[PDB]
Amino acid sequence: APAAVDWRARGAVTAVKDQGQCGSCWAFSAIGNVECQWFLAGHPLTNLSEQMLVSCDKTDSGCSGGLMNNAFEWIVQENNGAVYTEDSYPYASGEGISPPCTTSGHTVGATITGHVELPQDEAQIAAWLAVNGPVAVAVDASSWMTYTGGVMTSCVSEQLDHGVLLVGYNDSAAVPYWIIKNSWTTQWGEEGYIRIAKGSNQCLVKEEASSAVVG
């Protein structure tokens, strides 16, 4: 694997979004992954719908929580692999209110055929990310409220509570780090992003890493 990767520089990552006052990070993580994978598949970078998952995906629990794996599963097995555009199915749960599911007239932004899980190994995850793009991961963001910038090194790593997106790493730095996309606006952290120490399983980052498959 390369010494450093940043898929943002490859224009493969969309703008930082805002989940608002809603427990829908799982949806943002999954959808982000699908966005990046769709671009890297040879298609235009399209903003996709988190609201599709929050409202329609009943395997998960809307604004109270859910799982990225469950989202990919639901997309393939229930929604024929379709991921709608954010433009034709916009996010509306910003204040905590989830509209009902609508299945007439929406526009398919991406089409996935499956998903893969990555080993609980930062090296193997990086090895994947360097080739096939950004990875949906679960973390312990309990100590993230106070993050303002820099490489976090003593992140509270107890129990998973947040869904974020690995978009790259840097093994060349004095302290090697993961570059992580969050869904807490651009005011938080490093322009919406956060760098965490790589190799010491910070925030339990290596626990649940998955990626969609765009056949």
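Just so we're on the same page, rigid core means the largest C-alpha set that superposes within 1.5 Å between forms. So that there is no doubt, residue numbering starts at 1 and follows the sequence shown.
Comparing 96-104 and 77-85 where Cα RMS over structures and residues is taken in 8 other deposited structures of this protein (core fit), larger one:
Of 96-104 and 77-85, the stretch deviating more in 8 other deposited structures of this protein is 96-104.
Please compare 100-108 with 113-121 and name the stretch with the higher mean C-alpha B-factor in the deposited structure.
Comparing averages over the C-alpha atoms only gives 100-108.
Comparing 197-205 with 17-25, where is the mean C-alpha B-factor higher?
Stretch with the higher mean C-alpha B-factor: 17-25.
Tell me, please, which of 32, 189, 163, 42 has the highest C-alpha B factor according to the deposited entry?
Of the options given, 189 has the highest CA B-factor in the PDB entry.
Largest Cα B-factor, entry values, listed residues 49, 69, 159, 46
Of the candidates given, the C-alpha B-factor peaks at 159.
Using the B-factors in the PDB entry, rank residue 91's C-alpha atom against the chain and give the third, lowest, middle or highest.
Highest third of the chain for residue 91's C-alpha B-factor.
Ranking the modelled residues of this chain by C-alpha B-factor as given in the entry, is residue 126 in the lowest, middle or highest third?
Its C-alpha B-factor belongs to the lowest third of this chain's values.
Can you tell me which third, lowest, middle or highest, the CA B-factor of residue 151 falls into for its chain?
Middle third by C-alpha B-factor.
Where does the C-alpha B-factor of residue 85 rank in its chain, lowest, middle or highest third?
According to the entry, residue 85 has a C-alpha B-factor in the chain's lowest third.
Of the three thirds of its chain by CA temperature factor, lowest, middle or highest, which one includes residue 79?
Within its chain, residue 79 is a middle-third residue by C-alpha B-factor, going by the deposited values.
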